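Here's the structure we're looking at; comments come further down.
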Amino acid sequence: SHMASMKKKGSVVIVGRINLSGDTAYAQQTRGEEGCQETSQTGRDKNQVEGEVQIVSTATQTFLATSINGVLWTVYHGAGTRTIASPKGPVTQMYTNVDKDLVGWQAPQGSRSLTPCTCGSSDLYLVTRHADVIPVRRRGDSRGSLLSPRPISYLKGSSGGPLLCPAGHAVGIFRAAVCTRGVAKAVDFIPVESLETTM
Ligand SMILES: C=C[C@@H]1C[C@]1(NC(=O)[C@@H]1C[C@@H](Oc2nc3cc(OC)ccc3nc2C)CN1C(=O)[C@@H](NC(=O)OC1CCCC1)C(C)(C)C)C(=O)NS(=O)(=O)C1(C)CC1
Ligand SMILES: [Zn+2]
């Protein structure tokens with residue numbers, strides 16, 4: 001009831017990336033925890049952004065975000081309604097869909113965007129926050145099975161990351177793990193068509 005002391009949530013902050021530009025996939029950190037905390041409060045991030053897949057953080061969570069068609073997409077359960085930090089101050093979401101667990105902001109200058117897949121192919125690849133590439137067979141509009149199941153620990157923090165086709169197009173955004181006895185045998189993802197409709 002005391003508005004003058006009500007706090008504001010900070011921005012989502014880009015803290016690294018999954019580098020996919022060469023022959024080896026690897027995670028890079030571009031900002032530490034202390035600098036992330038300060039950037040989240042100000043919303044002013046002057047760091048150079050590169051690549052398609054970003055590692056992002058709030059004060060309490062860390063996850064991924066993926067650029068497709070000029071929009072940096074991630075999950076609502078990670079970002080909520082938060083702004084993203086940017087060189088000129090906080091930037092408001094341009095898409096928010098809690099029913100799909102989806103949000104998006106204009107893609108940062110310097111990022112590169114994935115192209116939405118039109119191959120109609122079901123041999124996919126999930127990219128995790130540790131730069132593991134996980135073969136996934138598509139099993140429906142929004143589901144795929146891991147060829148080699150993994151404990152959910154291995155997937156935790158990778159929501160917002162991409163599923164790609166063999167040609168490297170974006171097929172979907174990783175949303176939730178399909179888990180029994182803590183082993184992920186399948187994944188739930190936001191299909192790129194749903195992004196394209198949301199757009
Ligand atoms: C392990 C890595 C996972 C990718 C990951 N995802 C999650 O943990 C998501 C968030 C939440 O699901 C949702 N929450 C929502 C919340 C909303 O408004 C608040 C609105 C819409 C939402 N829609 C969904 C689906 C639960 N869940 C799951 O996966 C759960 N399995 C599940 O529910 O399966 C069913 C059957 C198959 C379909 C759904 C599980 C039990 C924890 C494994 C991950 O990495 N997250 S994350 O980065 O660590 C981190 C928490 C961000 C930091
Ligand atoms: Zn494709």
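To be explicit about the labels: the chains of the structure tokens are called A, B, and onward in the order shown, and within each one the residues are counted from 1, while ligands get numbers from 1 in the order they are shown.
Excluding residue 118 of chain A itself and any same-chain residue fewer than 2 positions from it, the protein and nucleic acid residues within 10 Å of it, counting only C-alpha atoms, are residues 115, 116, 120, 121, 165, 169, 170, 171, 192 and 193 of chain A.
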query: Neighbours of residue 67 of chain A within 7 Å (only C-alpha atoms; same-chain residues fewer than 3 positions away dropped), as a PyMOL selection string?
result: chain A and resi 52-53+70-73+107+112-114
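Closest approach to residue 97 of chain A from the set A:4, A:125, A:77, A:20 is made by A:77, with distances taken over only C-alpha atoms.
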Within 8 Å of ligand 1: each chain A residue with its shortest pair, only C-alpha atoms and all ligand atoms, as CSV:
residue,atom,partner,partner_atom_place_in_ligand_line,distance
A:61,CA,ligand 1,53 (C),4.8
A:62,CA,ligand 1,53 (C),5.2
A:63,CA,ligand 1,48 (O),4.1
A:64,CA,ligand 1,48 (O),6.9
A:75,CA,ligand 1,52 (C),7.2
A:76,CA,ligand 1,18 (O),5.7
A:77,CA,ligand 1,16 (C),4.2
A:78,CA,ligand 1,52 (C),3.8
A:79,CA,ligand 1,52 (C),7.5
A:80,CA,ligand 1,19 (C),6.8
A:98,CA,ligand 1,20 (C),4.7
A:99,CA,ligand 1,21 (C),5.7
A:100,CA,ligand 1,21 (C),5.9
A:101,CA,ligand 1,21 (C),3.9
A:102,CA,ligand 1,21 (C),7.6
A:152,CA,ligand 1,1 (C),4.8
A:153,CA,ligand 1,1 (C),6.4
A:154,CA,ligand 1,1 (C),7.4
A:155,CA,ligand 1,2 (C),4.5
A:156,CA,ligand 1,2 (C),3.8
A:157,CA,ligand 1,48 (O),3.2
A:158,CA,ligand 1,45 (O),4.3
A:159,CA,ligand 1,45 (O),4.1
A:160,CA,ligand 1,48 (O),7.1
A:174,CA,ligand 1,4 (C),6.1
A:175,CA,ligand 1,4 (C),5.0
A:176,CA,ligand 1,29 (O),3.1
A:177,CA,ligand 1,29 (O),4.0
A:178,CA,ligand 1,37 (C),4.6
A:179,CA,ligand 1,43 (C),5.7
A:182,CA,ligand 1,43 (C),7.9
A:184,CA,ligand 1,43 (C),7.6
A:187,CA,ligand 1,37 (C),6.9
A:188,CA,ligand 1,38 (C),5.4
Would you mind exporting N, CA and C atoms of the selected residues as a JSON list (two decimals), in the first residue's frame?
[["chain", "number", "residue", "atom", "x", "y", "z"],
["A", 61, "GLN", "N", 16.91, -16.21, -12.16],
["A", 61, "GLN", "CA", 16.89, -17.32, -13.09],
["A", 61, "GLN", "C", 17.87, -17.07, -14.23],
["A", 62, "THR", "N", 18.28, -18.14, -14.89],
["A", 62, "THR", "CA", 19.09, -18.03, -16.12],
["A", 62, "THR", "C", 18.57, -19.07, -17.10],
["A", 63, "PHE", "N", 18.54, -18.69, -18.36],
["A", 63, "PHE", "CA", 17.91, -19.48, -19.42],
["A", 63, "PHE", "C", 18.48, -18.97, -20.75],
["A", 64, "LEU", "N", 17.84, -19.31, -21.85],
["A", 64, "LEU", "CA", 18.33, -18.95, -23.18],
["A", 64, "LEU", "C", 17.32, -18.07, -23.89],
["A", 75, "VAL", "N", 11.09, -17.70, -23.16],
["A", 75, "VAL", "CA", 9.92, -18.23, -22.47],
["A", 75, "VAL", "C", 9.38, -17.26, -21.43],
["A", 76, "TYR", "N", 8.06, -17.21, -21.32],
["A", 76, "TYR", "CA", 7.43, -16.37, -20.29],
["A", 76, "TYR", "C", 7.81, -16.85, -18.88],
["A", 77, "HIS", "N", 7.99, -18.16, -18.68],
["A", 77, "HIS", "CA", 8.29, -18.62, -17.31],
["A", 77, "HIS", "C", 9.68, -18.23, -16.85],
["A", 78, "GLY", "N", 10.52, -17.79, -17.77],
["A", 78, "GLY", "CA", 11.81, -17.20, -17.46],
["A", 78, "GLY", "C", 11.75, -15.68, -17.33],
["A", 79, "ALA", "N", 11.17, -15.03, -18.34],
["A", 79, "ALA", "CA", 11.23, -13.57, -18.43],
["A", 79, "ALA", "C", 10.04, -12.84, -17.84],
["A", 80, "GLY", "N", 8.92, -13.51, -17.67],
["A", 80, "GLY", "CA", 7.69, -12.80, -17.33],
["A", 80, "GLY", "C", 7.47, -11.71, -18.33],
["A", 98, "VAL", "N", 1.36, -15.57, -22.70],
["A", 98, "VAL", "CA", 1.45, -16.47, -21.56],
["A", 98, "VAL", "C", 0.85, -17.82, -21.90],
["A", 99, "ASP", "N", -0.13, -17.84, -22.82],
["A", 99, "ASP", "CA", -0.78, -19.11, -23.16],
["A", 99, "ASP", "C", 0.16, -20.04, -23.91],
["A", 100, "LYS", "N", 1.17, -19.49, -24.57],
["A", 100, "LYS", "CA", 2.18, -20.28, -25.25],
["A", 100, "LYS", "C", 3.50, -20.29, -24.50],
["A", 101, "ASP", "N", 3.58, -19.62, -23.36],
["A", 101, "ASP", "CA", 4.83, -19.48, -22.62],
["A", 101, "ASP", "C", 5.90, -18.79, -23.46],
["A", 102, "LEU", "N", 5.49, -17.74, -24.20],
["A", 102, "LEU", "CA", 6.34, -17.11, -25.20],
["A", 102, "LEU", "C", 6.42, -15.60, -25.03],
["A", 152, "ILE", "N", 16.85, -34.60, -16.25],
["A", 152, "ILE", "CA", 16.39, -33.23, -16.50],
["A", 152, "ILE", "C", 17.46, -32.21, -16.12],
["A", 153, "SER", "N", 18.38, -32.55, -15.19],
["A", 153, "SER", "CA", 19.48, -31.65, -14.84],
["A", 153, "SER", "C", 20.24, -31.13, -16.06],
["A", 154, "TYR", "N", 20.35, -31.97, -17.08],
["A", 154, "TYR", "CA", 21.13, -31.70, -18.27],
["A", 154, "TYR", "C", 20.45, -30.66, -19.13],
["A", 155, "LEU", "N", 19.13, -30.56, -19.00],
["A", 155, "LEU", "CA", 18.32, -29.67, -19.81],
["A", 155, "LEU", "C", 17.94, -28.42, -19.07],
["A", 156, "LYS", "N", 18.07, -28.43, -17.74],
["A", 156, "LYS", "CA", 17.65, -27.29, -16.94],
["A", 156, "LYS", "C", 18.44, -26.06, -17.36],
["A", 157, "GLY", "N", 17.75, -24.94, -17.53],
["A", 157, "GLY", "CA", 18.36, -23.69, -17.95],
["A", 157, "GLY", "C", 18.45, -23.50, -19.45],
["A", 158, "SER", "N", 17.84, -24.39, -20.23],
["A", 158, "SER", "CA", 17.92, -24.34, -21.68],
["A", 158, "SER", "C", 16.60, -23.92, -22.32],
["A", 159, "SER", "N", 15.55, -23.68, -21.52],
["A", 159, "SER", "CA", 14.33, -23.13, -22.11],
["A", 159, "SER", "C", 14.68, -21.85, -22.83],
["A", 160, "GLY", "N", 13.97, -21.60, -23.93],
["A", 160, "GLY", "CA", 14.32, -20.51, -24.81],
["A", 160, "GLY", "C", 15.32, -20.85, -25.90],
["A", 174, "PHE", "N", 12.63, -24.31, -27.22],
["A", 174, "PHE", "CA", 12.47, -25.30, -26.14],
["A", 174, "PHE", "C", 11.67, -24.70, -24.98],
["A", 175, "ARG", "N", 10.59, -25.39, -24.57],
["A", 175, "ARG", "CA", 9.67, -24.89, -23.55],
["A", 175, "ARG", "C", 9.66, -25.72, -22.27],
["A", 176, "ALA", "N", 9.55, -27.04, -22.37],
["A", 176, "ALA", "CA", 9.40, -27.88, -21.19],
["A", 176, "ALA", "C", 9.91, -29.28, -21.51],
["A", 177, "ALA", "N", 10.35, -29.98, -20.46],
["A", 177, "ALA", "CA", 10.81, -31.36, -20.63],
["A", 177, "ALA", "C", 9.72, -32.33, -20.26],
["A", 178, "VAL", "N", 9.67, -33.43, -20.99],
["A", 178, "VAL", "CA", 8.72, -34.51, -20.76],
["A", 178, "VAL", "C", 9.49, -35.55, -19.98],
["A", 179, "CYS", "N", 9.17, -35.66, -18.71],
["A", 179, "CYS", "CA", 10.04, -36.30, -17.76],
["A", 179, "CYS", "C", 9.31, -37.40, -17.00],
["A", 182, "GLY", "N", 12.62, -38.38, -13.39],
["A", 182, "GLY", "CA", 13.71, -37.44, -13.62],
["A", 182, "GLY", "C", 14.50, -37.60, -14.89],
["A", 184, "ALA", "N", 14.57, -37.14, -18.94],
["A", 184, "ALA", "CA", 13.86, -36.48, -20.03],
["A", 184, "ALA", "C", 13.91, -37.44, -21.22],
["A", 187, "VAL", "N", 10.86, -33.70, -25.34],
["A", 187, "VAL", "CA", 10.77, -32.27, -25.09],
["A", 187, "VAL", "C", 9.52, -31.72, -25.73],
["A", 188, "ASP", "N", 9.01, -30.68, -25.10],
["A", 188, "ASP", "CA", 7.91, -29.85, -25.55],
["A", 188, "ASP", "C", 8.50, -28.53, -26.04]]
- request: Quick one: everything within 7 Å of segment 88-95 of chain A, counting only C-alpha atoms, minus sequence neighbours fewer than 5 positions away in the same chain. Send it as a PyMOL selection string.
  value: chain A and resi 11+43-44+83+103-106
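The two atoms in question, atom CA of residue 84 of chain A and atom CA of residue 29 of chain A, are spaced 17.4 Å apart.
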task: Pull the strand (DSSP E or B) assignments for chain A out of DSSP run on the backbone, and list those residues as a PyMOL selection string.
output: chain A and resi 12-19+26-29+44+51+53-57+62-68+71-75+84+86+91+95-97+102-106+111+114+116+123-127+133-138+143-151+162-164+170-180+183-191
task: Skip residue 33 of chain A itself and residues of its chain fewer than 5 positions away, then list as number ranges by chain all residues within 10 Å of it, counting only C-alpha atoms.
output: A: 15, 38-39, 57, 59
statement: As a check of understanding: the span from atom CA of residue 148 of chain A to atom CA of residue 162 of chain A is 17.7 Å
